[PDB]
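Beneath this line is the structure, given in structure tokens, with notes to follow.
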Amino acid sequence: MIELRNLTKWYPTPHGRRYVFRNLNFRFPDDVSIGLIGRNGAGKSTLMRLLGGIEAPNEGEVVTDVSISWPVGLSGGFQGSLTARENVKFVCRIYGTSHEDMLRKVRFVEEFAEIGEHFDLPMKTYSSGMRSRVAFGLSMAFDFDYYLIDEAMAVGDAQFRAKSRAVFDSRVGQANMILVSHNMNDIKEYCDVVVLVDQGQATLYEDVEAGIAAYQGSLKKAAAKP
Amino acid sequence: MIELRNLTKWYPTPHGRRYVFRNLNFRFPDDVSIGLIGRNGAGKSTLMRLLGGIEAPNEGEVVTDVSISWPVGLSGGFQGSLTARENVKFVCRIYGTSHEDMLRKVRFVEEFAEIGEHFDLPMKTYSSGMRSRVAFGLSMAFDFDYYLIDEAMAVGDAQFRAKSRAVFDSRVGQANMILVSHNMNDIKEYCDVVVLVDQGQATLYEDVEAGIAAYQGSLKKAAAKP
Amino acid sequence: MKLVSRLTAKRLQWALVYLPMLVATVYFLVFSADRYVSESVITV
Amino acid sequence: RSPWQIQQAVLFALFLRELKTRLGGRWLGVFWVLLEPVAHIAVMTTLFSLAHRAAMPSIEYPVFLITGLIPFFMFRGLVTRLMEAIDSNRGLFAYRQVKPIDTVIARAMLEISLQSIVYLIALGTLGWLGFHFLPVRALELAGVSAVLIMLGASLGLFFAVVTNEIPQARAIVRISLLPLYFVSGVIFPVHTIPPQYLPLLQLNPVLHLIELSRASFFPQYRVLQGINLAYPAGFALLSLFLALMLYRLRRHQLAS
Amino acid sequence: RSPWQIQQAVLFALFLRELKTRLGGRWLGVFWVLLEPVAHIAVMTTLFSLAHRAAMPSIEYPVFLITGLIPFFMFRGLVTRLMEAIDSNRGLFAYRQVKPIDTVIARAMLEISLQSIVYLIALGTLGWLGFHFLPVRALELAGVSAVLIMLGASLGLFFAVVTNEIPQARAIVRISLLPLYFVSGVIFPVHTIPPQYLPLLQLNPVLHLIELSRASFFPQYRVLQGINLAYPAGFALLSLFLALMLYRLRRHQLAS
Amino acid sequence: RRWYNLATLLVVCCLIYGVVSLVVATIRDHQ
Amino acid sequence: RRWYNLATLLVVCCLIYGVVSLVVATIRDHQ
Amino acid sequence: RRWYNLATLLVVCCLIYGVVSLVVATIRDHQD
Amino acid sequence: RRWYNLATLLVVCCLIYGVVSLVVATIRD
Ligand SMILES: CCCCCCCCCCCC(=O)O[C@@H](COC(=O)CCCCCCCCCC)COP(=O)(O)OC[C@H](O)CO[C@@]1(C(=O)O)C[C@H](O)[C@@H](O)[C@H]([C@@H](O)CO)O1
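Residue numbers (the entry's author numbering), protein chains in the order written: chain A, 1 to 226; chain W, 1 to 226; chain S, 3 to 46; chain G, 14 to 269; chain F, 14 to 269; chain E, 340 to 370; chain P, 340 to 370; chain V, 340 to 371; chain H, 340 to 368.
Given below as structure tokens:
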């Protein structure tokens, strides 16, 4: 179960406290695929950071009895100076796995990276898509109950997407994937329920198309406001 | 006229000197739109930085009798603690314009910024989009013979792209823009000549489609190598 | 290599704590000998 | 899992990380750490050996300087390294297990281990050269050193919590640390200090701890009037309480 | 446009840049550079007022301390900040007409301006408090100060060029500025120490420059043997030549 | 002087109990 | 001093045990 | 010198008030 | 003092081995 109790997150601004969320109490549905959608600036990034633990909420708490992964494709969870293998070492020792499984996961991230000698080179010299490949390898190497993805489709080349959806379908069914994507067809295909974030409030829809209609109506109301 | 005489640029690596370019002599064609294409890691970013003067070549020189602008969308040309207006002041103060042109350029940057009161705030609290918009405003607040773009198309929302291309179409004809993009259709539309970078060597193609065919053949040869 | 692999917590605890304490225990309480001290204070 | 086992996991992880960053990777920093005390001895002993022999003829100068310096170096490290603990590990502060208290605890453990190793090495070297290197009273010296540990770690945590913002203020920490090397009885005995400067000199807890450690080290060492353990012990206890309370207030505000 | 005009414009631009990044906008830097000296004369006085009045009962201690302190502050600031200029402004350059030497000499000229302002303020308040505040030979003082400024700027540029890609060595330079304050005749008259220590201390050019600056300030001031200006002049000339030649070698480098 | 040590030791146990409670709270923060 | 020496020996033994344990854990993880 | 003792009483009462306020805030944070 | 000289010679030789190995490791890269 995933729950947000009295959640309140804001950013410091010179004009005051810009509240992104305030007293947000909401329970995520169980064993279903979740599509988190919303307007730009409505707090989708803030909420996926709070779900993944990237940001600490000012008030309230997140109650979760299962394992939630970090967002896939984000490069802000690593350090530039060390080489890629050293970052895999770092994340493995934070999670604290056995040495044999440590070596196996290094082998797996080497396999899914397809990187070469730059695997022994520091991350500060990497490019955007290659850092995204490193992040994908670190995210996939593990086994997680819930996977957070902030629209990682539009990274890398076509072959990267091919292997991505291949191992995705390999992992389909053993975990529930939360997707924050502006591609609404992806929300149709890869999700079971729709949670929309608007004005700091999250609304749940068991039917995907109901959330589609609600989001489209909200966009039309925003556009029609004079 | 842009010419590269005996250019040799490399990066320090623990394994030795990784030569990116070595004795690169090449003359860019005049009064034409240039499309810089090449493989990943072939040196497009490094050569583009050398053209913009971002990095200093170890040997050789860059001979240019016209004005070449910095890459559009790059956020590494400013200072974090200064505000946006202070960064405008800094840039123009190297460039050294008159006070009327000072105030007009500040107003133009504020106009193309569409950021608001955060325009009076330091950029250390900015997001990537805000810094990219500031860079675009600075790259446009001036008048140059040649403009450098490191695939700045896929930054920002749709209205940002529409406004950027509107001012672009205002500025076509009076300058030659060099674009480094993986979108080959953009290379077709916005360029007249093609410069292909491979193995530290630049090959010139007066026909765009000839350079496209050469790049496709190079990619096929790289993929077919066992 | 394998030499540092056999240095488990129990083996290191034995080789560094319990044996020194044990040898000190068997020496000081029974094997030791009393040494009386007499003190004087002089000057010239 | 229990909080205790995940605590050992996370502290071991940050301990090996901190060993990596402080030692430079190739284990080059050990030479620096070993070379500062001996360089201090070489500078210190060449001007005041005769003065000390006139002052306290019964005590050898190098052992006096070891006992005066290495605890002070340990305290200075415990303050400085732990004050700047948050900024160094800032980029990896969002893993739900990497709270700042673990970072400061890991830095403290690393510094204690390193300086204890240096203490043992220096004592062995002193014994190897024919000096006097066995403390007559061992566990009282250990207790005084533990009081010094508690005071130093408490002050470091307090300064790290208080100065999370305004890092410029960190300057008036380390700049203020340099006079503490001179005013406390580290390099020259406070026996020669005129009594009219003595009262304010008693306000330094580090002076009390250094003097008590030296008294517990050497045989027949005299302590000055007004030196006691109660004042530095109370200072350490109060500072630890204040630092823990201040960290508990601003626990959630040290994440970015 | 002539290269001289380009140099003028670029040095003015990064002078404003440096002025901002040094005083921080809030102008707290002027507060610190006005309060650090008066702190030094405060503590230094309350230490050795009686000692100085017994050593040379002809010159008041505060004016001696000012004349020995402010040039040393200028020299230290020159060395440190002209060393750190390239590391600070690595984000700069890359836009043509900007070279490392521009940032180096901009930091230099800011340092001389600030320290000359502080010197004038100090002389003004010294005259305001009923102390001797007018040099008897101002031209010699100007020449000695120019020699010291040239030596400091040249050494700073030399260390900025040499210790590129090795930042840790910079720290060593910082710590070697600590003995100089205690050895270059700044806080106490140098005639007190025995002459057997004297010849080694003659290898320090800063002691020669400070003593010659003092000799050009007070009337009937005593200068001891071997304090000629030829040695500091040659030191400054050689250091400037080496620094300029090394910068010319690593000119196309140093730009990221 | 009985009341002096009574008050001093009361302050000491209050401080020690507070320190231990804060330490165990920080330990139990991890879940 | 029998119990005295036992106490000091136990303290130093615990200290060297802790330092050596940290060292062996470090070298085991490094390999 | 009544004003002098009042002046010291100002700062000692302010210190006591600050310390007890911090303790109360700690207890309140513990009661969340 | 044959054992004493042997032990201190071991110490200095090991120290010089360590410093030359550190120098070699720094200059190999
Ligand atoms: C709790 C306050 C107590 C104040 C004590 C003052 C005494 C003198 C201290 C020396 C003051 C000092 O700094 O040391 C000097 C040399 O010291 C000595 O030889 C001491 C000789 C005798 C003293 C010992 C005898 C003790 C006898 C009984 C007490 C060079 O050290 P250093 O190379 O590290 O200097 C670096 C700067 O300090 C950097 O600081 C900055 C700045 O200037 O750029 C940085 C930044 O700008 C900002 O953070 C910061 C500012 O803005 C924020 O206030 O100033």
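Yeah, the Cβ is synthetic: ideal placement off N, Cα and C, and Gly gets one too.
Residue i and residue j closer than 9 Å at C-beta
{"i": "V134 of chain W", "j": "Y147 of chain W", "result": "no"}
{"i": "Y215 of chain A", "j": "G43 of chain A", "result": "no"}
{"i": "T93 of chain F", "j": "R187 of chain F", "result": "yes"}
{"i": "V358 of chain P", "j": "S62 of chain G", "result": "no"}
{"i": "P202 of chain G", "j": "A68 of chain G", "result": "yes"}
{"i": "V160 of chain F", "j": "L193 of chain F", "result": "no"}
{"i": "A268 of chain G", "j": "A121 of chain G", "result": "no"}
{"i": "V194 of chain A", "j": "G211 of chain A", "result": "yes"}
{"i": "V88 of chain A", "j": "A152 of chain A", "result": "no"}
{"i": "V62 of chain A", "j": "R18 of chain A", "result": "no"}
{"i": "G137 of chain A", "j": "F108 of chain A", "result": "yes"}
{"i": "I34 of chain W", "j": "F26 of chain W", "result": "no"}
Neighbourhood of residue i by C-beta, 8 Å cutoff - its chain only, sequence neighbours within 5 removed
{"i": "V157 of chain G", "result": "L222, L225, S226, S229 and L242"}
{"i": "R131 of chain W", "result": "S75, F78 and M123"}
{"i": "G81 of chain G", "result": "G198, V199, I200, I223 and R227"}
{"i": "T176 of chain F", "result": "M96, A182, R183 and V186"}
{"i": "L105 of chain G", "result": "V111"}
{"i": "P232 of chain F", "result": "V149"}
{"i": "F248 of chain G", "result": "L164 and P218"}
Local Cβ density within 10 Å of residue i, reported as buried at 16 or more and exposed below that
{"i": "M258 of chain G", "result": "buried"}
{"i": "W342 of chain P", "result": "exposed"}
{"i": "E31 of chain G", "result": "buried"}
{"i": "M1 of chain A", "result": "exposed"}
{"i": "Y11 of chain W", "result": "exposed"}
{"i": "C352 of chain H", "result": "exposed"}
{"i": "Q20 of chain G", "result": "buried"}
{"i": "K105 of chain W", "result": "buried"}
{"i": "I366 of chain V", "result": "exposed"}
{"i": "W70 of chain A", "result": "buried"}
{"i": "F195 of chain G", "result": "exposed"}
{"i": "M3 of chain S", "result": "exposed"}
Partner residues on chain A for residue i, Cβ-Cβ distance less than 9 Å
{"i": "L121 of chain W", "result": "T13 and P14"}
{"i": "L105 of chain G", "result": "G77, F78, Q79, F90 and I94"}
{"i": "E151 of chain W", "result": "None at all; the shortest Cβ gap to chain A is about 10 Å."}
Per-residue contacts from residue i into chain W (C-beta, under 9 Å)
{"i": "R30 of chain F", "result": "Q79, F90 and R93"}
Proximal residues to residue i (C-beta, below 6 Å), its chain only, five neighbours per side dropped
{"i": "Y260 of chain G", "result": "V174"}
{"i": "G37 of chain F", "result": "none"}
{"i": "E206 of chain A", "result": "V193"}
{"i": "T203 of chain W", "result": "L196"}
{"i": "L345 of chain P", "result": "none"}
Amino acids of chain G, ordered along the chain, whose beta-carbon sits closer than 9 Å to that of residue i
{"i": "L361 of chain H", "result": "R39, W40, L41 and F44"}
{"i": "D368 of chain V", "result": "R261, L262 and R264"}
Chain W contact residues for residue i, given Cβ-Cβ distances below 8 Å
{"i": "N87 of chain A", "result": "Near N87 of chain A there are no residues of chain W at all, since even the closest Cβ is about 17 Å away, more than 8 Å."}
Cut-off 7 Å between Cβ atoms - residues of its own chain near residue i, not counting five sequence neighbours on either side
{"i": "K9 of chain W", "result": "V20, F21, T46, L50, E55, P57 and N58"}
8 Å Cβ cut-off: residues of chain G touching residue i
{"i": "residue 228 of chain A", "result": "In the structure displayed, chain A extends from 1 to 226; residue 228 of chain A sits before or after that span and is not available."}
{"i": "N58 of chain A", "result": "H265"}
Residues that residue i contacts on chain V, provided the C-beta gap is smaller than 7 Å
{"i": "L168 of chain G", "result": "Correct list: empty, because the minimum Cβ distance to chain V is about 17 Å."}
Beta-carbon neighbours of residue i, restricted to chain E and to distances below 9 Å
{"i": "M258 of chain G", "result": "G357 and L361"}
7 Å Cβ cut-off: residues of chain E touching residue i
{"i": "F254 of chain G", "result": "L354, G357 and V358"}
Neighbour list for residue i in chain W, Cβ cutoff strictly below 7 Å
{"i": "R109 of chain F", "result": "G53"}
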